[PDB]
$ cat data_8.csv   # CSV, C-alpha atoms and all ligand atoms
chain,number,residue,atom,x,y,z
A,983,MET,CA,80.0,190.3,127.2
A,984,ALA,CA,79.3,194.1,126.9
A,987,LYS,CA,73.0,190.0,123.0
A,988,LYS,CA,69.6,188.7,124.2
A,989,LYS,CA,67.2,186.3,122.5
A,990,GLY,CA,63.9,187.8,121.5
A,991,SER,CA,60.5,187.0,122.9
A,992,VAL,CA,57.9,184.7,121.3
A,993,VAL,CA,55.3,186.8,119.7
A,994,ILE,CA,51.6,186.1,118.9
A,995,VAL,CA,51.1,186.9,115.2
A,996,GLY,CA,47.7,185.4,114.6
A,997,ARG,CA,45.2,182.8,115.6
A,998,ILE,CA,43.1,179.8,114.3
A,999,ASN,CA,39.5,180.8,114.6
A,1000,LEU,CA,37.3,177.8,115.7
A,1001,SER,CA,34.4,180.0,116.8
A,1002,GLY,CA,32.0,179.4,113.9
A,1003,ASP,CA,31.1,176.9,111.2
A,1004,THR,CA,34.4,177.3,109.3
A,1005,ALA,CA,38.0,177.0,110.7
A,1006,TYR,CA,40.2,179.7,109.4
A,1007,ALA,CA,43.5,181.4,110.2
A,1008,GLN,CA,43.6,185.1,111.0
A,1009,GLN,CA,46.8,187.1,111.0
A,1010,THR,CA,47.1,189.8,113.6
A,1011,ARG,CA,50.6,191.1,113.1
A,1012,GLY,CA,52.9,191.3,110.1
A,1013,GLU,CA,56.7,190.5,109.8
A,1014,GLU,CA,58.0,193.9,110.8
A,1015,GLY,CA,55.8,194.3,113.9
A,1016,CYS,CA,56.7,190.8,114.9
A,1017,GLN,CA,60.4,191.5,114.7
A,1018,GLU,CA,60.0,194.7,116.7
A,1019,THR,CA,57.8,193.1,119.3
A,1020,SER,CA,60.2,190.2,119.7
A,1021,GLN,CA,63.0,192.6,120.5
A,1022,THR,CA,61.0,194.8,122.9
A,1023,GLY,CA,58.8,192.0,124.4
A,1024,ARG,CA,55.9,194.6,124.4
A,1025,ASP,CA,52.8,193.4,122.6
A,1026,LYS,CA,49.8,195.7,123.0
A,1027,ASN,CA,47.5,193.7,120.6
A,1028,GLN,CA,44.3,192.2,121.9
A,1029,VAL,CA,44.4,188.4,122.0
A,1030,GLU,CA,41.4,186.1,121.3
A,1031,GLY,CA,40.7,182.4,121.0
A,1032,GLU,CA,42.3,179.2,122.0
A,1033,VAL,CA,44.9,178.5,119.3
A,1034,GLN,CA,47.5,181.2,118.7
A,1035,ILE,CA,49.9,181.4,115.9
A,1036,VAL,CA,53.3,182.4,117.3
A,1037,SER,CA,56.7,183.4,115.9
A,1038,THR,CA,60.3,184.0,116.9
A,1039,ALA,CA,62.7,185.9,114.7
A,1040,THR,CA,63.5,182.5,113.0
A,1041,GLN,CA,60.6,180.1,113.5
A,1042,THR,CA,56.8,180.1,113.4
A,1043,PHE,CA,54.5,177.5,115.1
A,1044,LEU,CA,51.4,177.3,117.3
A,1045,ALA,CA,50.5,177.7,120.9
A,1046,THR,CA,47.3,176.5,122.6
A,1047,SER,CA,45.6,177.6,125.8
A,1048,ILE,CA,44.5,174.7,128.1
A,1049,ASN,CA,43.4,175.3,131.7
A,1050,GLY,CA,44.7,178.9,131.8
A,1051,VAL,CA,48.2,178.1,130.4
A,1052,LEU,CA,49.4,178.9,126.8
A,1053,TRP,CA,51.3,175.7,125.9
A,1054,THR,CA,53.8,175.1,123.1
A,1055,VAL,CA,56.9,173.1,122.1
A,1056,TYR,CA,60.4,173.6,123.5
A,1057,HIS,CA,61.8,172.9,120.1
A,1058,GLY,CA,60.0,176.1,118.9
A,1059,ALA,CA,60.2,178.4,121.9
A,1060,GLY,CA,63.3,177.2,123.7
A,1061,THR,CA,63.4,179.0,127.1
A,1062,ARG,CA,62.2,182.3,125.6
A,1063,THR,CA,59.9,184.8,127.2
A,1064,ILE,CA,56.6,185.7,125.4
A,1065,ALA,CA,55.7,189.3,124.6
A,1066,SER,CA,52.9,190.8,126.6
A,1067,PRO,CA,51.3,194.3,127.2
A,1068,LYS,CA,53.6,194.9,130.2
A,1069,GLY,CA,56.8,193.3,128.7
A,1070,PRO,CA,58.3,189.9,128.4
A,1071,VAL,CA,56.8,187.1,130.5
A,1072,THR,CA,58.9,184.3,131.8
A,1073,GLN,CA,57.9,180.7,131.2
A,1074,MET,CA,55.7,179.2,133.9
A,1075,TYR,CA,56.5,175.6,132.7
A,1076,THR,CA,59.6,174.2,131.0
A,1077,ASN,CA,60.1,170.5,130.3
A,1078,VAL,CA,62.6,169.6,127.6
A,1079,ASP,CA,62.1,165.9,128.3
A,1080,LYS,CA,58.5,166.4,127.0
A,1081,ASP,CA,59.3,169.0,124.4
A,1082,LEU,CA,57.0,171.3,126.4
A,1083,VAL,CA,56.8,174.9,127.6
A,1084,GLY,CA,54.1,177.0,128.9
A,1085,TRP,CA,53.2,180.6,130.0
A,1086,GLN,CA,50.2,182.0,131.8
A,1087,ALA,CA,47.4,182.3,129.3
A,1088,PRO,CA,47.0,185.8,127.8
A,1089,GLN,CA,44.3,188.2,129.0
A,1090,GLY,CA,41.4,187.8,126.5
A,1091,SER,CA,42.3,184.2,125.4
A,1092,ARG,CA,40.0,181.3,125.8
A,1093,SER,CA,41.2,178.0,127.2
A,1094,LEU,CA,40.3,174.6,126.0
A,1095,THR,CA,39.0,172.2,128.6
A,1096,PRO,CA,41.1,169.0,129.3
A,1097,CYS,CA,39.4,165.9,127.8
A,1098,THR,CA,38.1,163.3,130.1
A,1099,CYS,CA,36.1,161.4,127.4
A,1100,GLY,CA,38.6,158.6,126.8
A,1101,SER,CA,37.8,158.9,123.1
A,1102,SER,CA,40.3,157.8,120.4
A,1103,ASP,CA,38.7,159.8,117.6
A,1104,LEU,CA,40.8,162.9,117.5
A,1105,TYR,CA,41.2,166.0,115.3
A,1106,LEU,CA,44.5,167.9,114.8
A,1107,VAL,CA,44.2,171.6,114.1
A,1108,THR,CA,47.0,173.0,111.9
A,1109,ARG,CA,48.3,176.5,111.4
A,1110,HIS,CA,46.4,176.6,108.0
A,1111,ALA,CA,43.1,175.9,109.9
A,1112,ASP,CA,43.0,172.3,108.5
A,1113,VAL,CA,41.1,170.0,110.9
A,1114,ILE,CA,42.7,166.6,110.3
A,1115,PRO,CA,41.1,163.4,111.6
A,1116,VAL,CA,43.6,161.3,113.7
A,1117,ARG,CA,42.9,157.9,115.3
A,1118,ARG,CA,44.6,157.7,118.7
A,1119,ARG,CA,47.1,154.8,118.8
A,1120,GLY,CA,48.8,155.3,122.1
A,1121,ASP,CA,49.4,157.5,125.1
A,1122,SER,CA,51.3,160.0,122.9
A,1123,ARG,CA,50.6,158.9,119.2
A,1124,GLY,CA,47.9,158.9,116.6
A,1125,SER,CA,47.6,157.9,113.0
A,1126,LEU,CA,46.3,160.2,110.2
A,1127,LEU,CA,43.2,158.8,108.5
A,1128,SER,CA,44.3,160.5,105.3
A,1129,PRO,CA,48.1,160.7,105.2
A,1130,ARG,CA,49.7,163.6,103.4
A,1131,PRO,CA,53.1,165.3,102.9
A,1132,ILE,CA,54.8,166.4,106.1
A,1133,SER,CA,54.9,169.9,104.5
A,1134,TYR,CA,51.3,170.3,105.4
A,1135,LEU,CA,52.1,169.7,109.2
A,1136,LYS,CA,55.2,171.8,109.3
A,1137,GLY,CA,54.7,174.8,111.6
A,1138,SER,CA,51.8,173.3,113.5
A,1139,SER,CA,53.7,172.0,116.5
A,1140,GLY,CA,52.0,173.4,119.6
A,1141,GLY,CA,48.6,173.0,118.0
A,1142,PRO,CA,45.9,170.9,119.7
A,1143,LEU,CA,44.6,167.5,119.2
A,1144,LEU,CA,40.9,167.7,120.1
A,1145,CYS,CA,38.3,165.1,121.0
A,1146,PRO,CA,34.8,165.0,119.3
A,1147,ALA,CA,33.5,167.3,122.0
A,1148,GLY,CA,36.1,169.9,121.5
A,1149,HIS,CA,38.2,169.1,124.6
A,1150,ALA,CA,42.0,169.2,124.5
A,1151,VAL,CA,43.6,165.7,124.2
A,1152,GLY,CA,47.1,166.8,123.5
A,1153,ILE,CA,49.7,169.2,122.1
A,1154,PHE,CA,51.2,168.3,118.7
A,1155,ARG,CA,55.0,167.9,118.8
A,1156,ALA,CA,56.3,165.6,116.1
A,1157,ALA,CA,55.4,163.9,112.8
A,1158,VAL,CA,56.2,160.4,111.7
A,1159,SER,CA,56.7,160.0,107.9
A,1160,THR,CA,57.8,157.5,105.2
A,1161,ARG,CA,59.1,159.0,102.0
A,1162,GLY,CA,58.0,162.4,103.2
A,1163,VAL,CA,54.4,161.3,103.8
A,1164,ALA,CA,53.1,161.9,107.3
A,1165,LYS,CA,51.4,158.7,108.6
A,1166,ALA,CA,51.3,159.4,112.3
A,1167,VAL,CA,51.8,162.2,114.8
A,1168,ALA,CA,53.2,162.4,118.3
A,1169,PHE,CA,51.8,164.7,121.0
A,1170,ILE,CA,52.1,165.7,124.6
A,1171,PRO,CA,49.0,164.1,126.2
A,1172,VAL,CA,46.8,166.5,128.2
A,1173,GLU,CA,47.3,164.3,131.3
A,1174,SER,CA,51.1,165.0,131.1
A,1175,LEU,CA,50.2,168.7,131.1
A,1176,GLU,CA,47.8,168.2,134.0
A,1177,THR,CA,50.6,166.5,135.9
A,1178,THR,CA,53.1,169.3,135.1
A,1179,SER,CA,50.3,171.7,136.2
B,1,LIG,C1,65.8,171.5,121.1
B,1,LIG,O1,65.3,170.8,122.3
B,1,LIG,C2,64.4,169.8,121.9
B,1,LIG,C3,63.7,169.1,123.1
B,1,LIG,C4,62.7,168.0,122.8
B,1,LIG,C5,62.4,167.6,121.3
B,1,LIG,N1,61.4,166.6,121.0
B,1,LIG,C6,61.1,166.2,119.6
B,1,LIG,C7,60.1,165.1,119.3
B,1,LIG,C8,61.8,167.0,118.5
B,1,LIG,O2,61.5,166.6,117.2
B,1,LIG,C9,62.1,167.5,116.2
B,1,LIG,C10,61.2,168.8,115.9
B,1,LIG,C11,60.1,168.2,115.7
B,1,LIG,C12,59.1,168.8,114.6
B,1,LIG,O3,59.4,169.0,113.4
B,1,LIG,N2,57.7,169.1,115.0
B,1,LIG,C13,56.7,169.5,114.0
B,1,LIG,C14,56.6,171.0,113.6
B,1,LIG,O4,55.8,171.4,112.9
B,1,LIG,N3,57.7,171.8,114.1
B,1,LIG,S1,57.7,173.4,113.6
B,1,LIG,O5,57.8,173.5,112.1
B,1,LIG,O6,56.5,174.1,114.0
B,1,LIG,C15,59.2,174.1,114.3
B,1,LIG,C16,60.6,173.4,114.0
B,1,LIG,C17,59.2,175.6,114.4
B,1,LIG,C18,59.1,174.7,115.7
B,1,LIG,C19,55.2,169.0,114.0
B,1,LIG,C20,56.2,168.6,112.9
B,1,LIG,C21,55.9,168.9,111.4
B,1,LIG,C22,56.6,168.3,110.3
B,1,LIG,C23,57.8,167.4,110.6
B,1,LIG,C24,59.0,167.8,109.7
B,1,LIG,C25,60.1,166.7,109.7
B,1,LIG,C26,60.6,166.5,111.1
B,1,LIG,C27,60.2,165.1,111.7
B,1,LIG,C28,60.4,164.9,113.2
B,1,LIG,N4,60.0,163.6,113.5
B,1,LIG,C29,60.3,163.1,114.8
B,1,LIG,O7,61.2,163.6,115.5
B,1,LIG,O8,59.6,161.9,115.2
B,1,LIG,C30,60.1,161.3,116.3
B,1,LIG,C31,59.3,161.7,117.6
B,1,LIG,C32,59.1,160.3,117.9
B,1,LIG,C33,59.6,159.9,116.5
B,1,LIG,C34,59.7,166.0,114.0
B,1,LIG,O9,58.5,166.2,113.9
B,1,LIG,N5,60.5,166.9,114.8
B,1,LIG,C35,62.0,166.9,115.0
B,1,LIG,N6,62.8,168.0,118.8
B,1,LIG,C36,63.1,168.4,120.2
B,1,LIG,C37,64.1,169.5,120.5
B,2,ZN,ZN,36.7,164.9,125.4
$ encode --input "data_8.csv" --output "structure tokens" --more "lines below"
Ligand SMILES: COc1ccc2nc(C)c(O[C@@H]3C[C@H]4C(=O)N[C@]5(C(=O)NS(=O)(=O)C6(C)CC6)C[C@H]5/C=C\CCCCC[C@H](NC(=O)OC5CCC5)C(=O)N4C3)nc2c1
Ligand SMILES: [Zn+2]
Amino acid sequence: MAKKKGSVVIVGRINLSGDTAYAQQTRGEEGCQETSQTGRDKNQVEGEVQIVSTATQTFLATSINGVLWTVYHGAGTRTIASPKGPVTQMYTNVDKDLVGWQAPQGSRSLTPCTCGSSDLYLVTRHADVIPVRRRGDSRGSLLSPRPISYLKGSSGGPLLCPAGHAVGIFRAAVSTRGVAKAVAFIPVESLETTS
């Protein structure tokens, strides 16, 4: 009676600004650990897709409509570190595997897709842009299957339409013999409802 869980910490981003997609690290392991305990993150934030970490897990978080969204199975109910201290979740929905905080100052938000397109692109934490054919409200198939190892740590990352709109938030992978054939995601409409 007489410990607390730490904050989620932004430790990098996936840069989608130019011709090449690439990951950038903005904070190393030691600063991440310290920032998770204090909840105080003075680092400038840029971009749409953040790489985030706890003391024990790393994954992604994506800004859509002024909210930084990620997965409950990564973040739990944790605060996120910010320049003025830990920030409490604005959205929590374990039934959707979904949490969200106010988007960080300096971030850019993706626009929710209204295209109705089924030709999607999943952005991973290694800056791979993986073609995915939409197969349902919350599922899509990989055009080129690959070991689940390549998707591990990319929950909270976006599925994008051809125009660069957000279609969904990656939450789970479907595999056979360790080979990822399909993905599950929180559809942007389910976020817009929550919103
Ligand atoms: C605790 O409260 C909770 C509320 C709701 C909730 N809802 C979920 C659907 C869920 O699923 C868990 C975690 C994800 C996961 O691993 N998410 C990815 C990821 O990368 N996580 S991660 O590494 O970033 C991490 C763990 C740091 C955060 C994206 C995957 C990548 C690789 C898969 C590895 C083998 C795993 C294959 C699984 N398959 C699958 O479950 O499929 C089924 C869904 C319908 C069929 C799978 O994907 N999960 C198993 N847990 C919860 C928990
Ligand atoms: Zn679109």
$ closest_residue --input "data_8.csv" --among "A:1177, A:1021, A:1159, A:1049" --to "ligand LIG 1 (chain B)" --atoms "all atoms listed in the file"
A:1159
$ residues_near_ligand --input "data_8.csv" --ligand "ligand LIG 1 (chain B)" --cutoff "6 Å" --atoms "all atoms listed in the file" --output "ChimeraX atom specification"
/A:1041-1043,1056-1058,1078-1079,1081,1132,1135-1139,1155-1158
$ residues_near_ligand --input "data_8.csv" --ligand "ligand ZN 2 (chain B)" --cutoff "10 Å" --atoms "only C-alpha atoms and all ligand atoms" --output "PyMOL selection string"
chain A and resi 1095-1104+1144-1151
$ closest_residue --input "data_8.csv" --among "A:1059, A:1114, A:1033, A:1143" --to "residue 993 (chain A)" --atoms "all atoms listed in the file"
A:1059
$ residues_around --input "data_8.csv" --residues "residue 1050 (chain A)" --least-positions-apart "6" --cutoff "12 Å" --atoms "all atoms listed in the file" --output "PyMOL selection string"
chain A and resi 1032+1074+1084-1096+1175-1176+1179
$ write_last_selection --input "data_8.csv" --atoms "C-alpha atoms" --output "PDB file, in the coordinates of the input"
ATOM      1  CA  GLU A1032      42.300 179.200 122.000  1.00  0.00           C
ATOM      2  CA  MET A1074      55.700 179.200 133.900  1.00  0.00           C
ATOM      3  CA  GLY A1084      54.100 177.000 128.900  1.00  0.00           C
ATOM      4  CA  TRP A1085      53.200 180.600 130.000  1.00  0.00           C
ATOM      5  CA  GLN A1086      50.200 182.000 131.800  1.00  0.00           C
ATOM      6  CA  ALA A1087      47.400 182.300 129.300  1.00  0.00           C
ATOM      7  CA  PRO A1088      47.000 185.800 127.800  1.00  0.00           C
ATOM      8  CA  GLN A1089      44.300 188.200 129.000  1.00  0.00           C
ATOM      9  CA  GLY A1090      41.400 187.800 126.500  1.00  0.00           C
ATOM     10  CA  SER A1091      42.300 184.200 125.400  1.00  0.00           C
ATOM     11  CA  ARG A1092      40.000 181.300 125.800  1.00  0.00           C
ATOM     12  CA  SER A1093      41.200 178.000 127.200  1.00  0.00           C
ATOM     13  CA  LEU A1094      40.300 174.600 126.000  1.00  0.00           C
ATOM     14  CA  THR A1095      39.000 172.200 128.600  1.00  0.00           C
ATOM     15  CA  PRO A1096      41.100 169.000 129.300  1.00  0.00           C
ATOM     16  CA  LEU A1175      50.200 168.700 131.100  1.00  0.00           C
ATOM     17  CA  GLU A1176      47.800 168.200 134.000  1.00  0.00           C
ATOM     18  CA  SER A1179      50.300 171.700 136.200  1.00  0.00           C
TER      19      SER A1179
END
$ residues_around --input "data_8.csv" --residues "residue 1037 (chain A)" --least-positions-apart "4" --cutoff "12 Å" --atoms "all atoms listed in the file" --output "mmCIF file with C-alpha atoms, in the frame of the given file"
data_model
loop_
_atom_site.group_PDB
_atom_site.id
_atom_site.type_symbol
_atom_site.label_atom_id
_atom_site.label_comp_id
_atom_site.auth_asym_id
_atom_site.auth_seq_id
_atom_site.Cartn_x
_atom_site.Cartn_y
_atom_site.Cartn_z
ATOM 1 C CA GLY A 990 63.900 187.800 121.500
ATOM 2 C CA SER A 991 60.500 187.000 122.900
ATOM 3 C CA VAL A 992 57.900 184.700 121.300
ATOM 4 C CA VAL A 993 55.300 186.800 119.700
ATOM 5 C CA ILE A 994 51.600 186.100 118.900
ATOM 6 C CA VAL A 995 51.100 186.900 115.200
ATOM 7 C CA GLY A 996 47.700 185.400 114.600
ATOM 8 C CA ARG A 997 45.200 182.800 115.600
ATOM 9 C CA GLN A 1009 46.800 187.100 111.000
ATOM 10 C CA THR A 1010 47.100 189.800 113.600
ATOM 11 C CA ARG A 1011 50.600 191.100 113.100
ATOM 12 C CA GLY A 1012 52.900 191.300 110.100
ATOM 13 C CA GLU A 1013 56.700 190.500 109.800
ATOM 14 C CA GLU A 1014 58.000 193.900 110.800
ATOM 15 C CA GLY A 1015 55.800 194.300 113.900
ATOM 16 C CA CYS A 1016 56.700 190.800 114.900
ATOM 17 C CA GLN A 1017 60.400 191.500 114.700
ATOM 18 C CA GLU A 1018 60.000 194.700 116.700
ATOM 19 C CA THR A 1019 57.800 193.100 119.300
ATOM 20 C CA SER A 1020 60.200 190.200 119.700
ATOM 21 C CA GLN A 1041 60.600 180.100 113.500
ATOM 22 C CA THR A 1042 56.800 180.100 113.400
ATOM 23 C CA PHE A 1043 54.500 177.500 115.100
ATOM 24 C CA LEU A 1044 51.400 177.300 117.300
ATOM 25 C CA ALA A 1045 50.500 177.700 120.900
ATOM 26 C CA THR A 1054 53.800 175.100 123.100
ATOM 27 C CA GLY A 1058 60.000 176.100 118.900
ATOM 28 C CA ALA A 1059 60.200 178.400 121.900
ATOM 29 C CA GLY A 1060 63.300 177.200 123.700
ATOM 30 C CA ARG A 1062 62.200 182.300 125.600
ATOM 31 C CA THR A 1063 59.900 184.800 127.200
ATOM 32 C CA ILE A 1064 56.600 185.700 125.400
ATOM 33 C CA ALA A 1065 55.700 189.300 124.600
ATOM 34 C CA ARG A 1109 48.300 176.500 111.400
ATOM 35 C CA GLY A 1137 54.700 174.800 111.600
ATOM 36 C CA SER A 1138 51.800 173.300 113.500
ATOM 37 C CA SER A 1139 53.700 172.000 116.500
ATOM 38 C CA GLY A 1140 52.000 173.400 119.600
#
$ closest_residue --input "data_8.csv" --among "A:1167, A:1113, A:1083, A:1039" --to "residue 1061 (chain A)" --atoms "only C-alpha atoms"
A:1083
$ atom_distance --input "data_8.csv" --atom1 "CA of residue 1068 (chain A)" --atom2 "CA of residue 1031 (chain A)"
20.2 Å
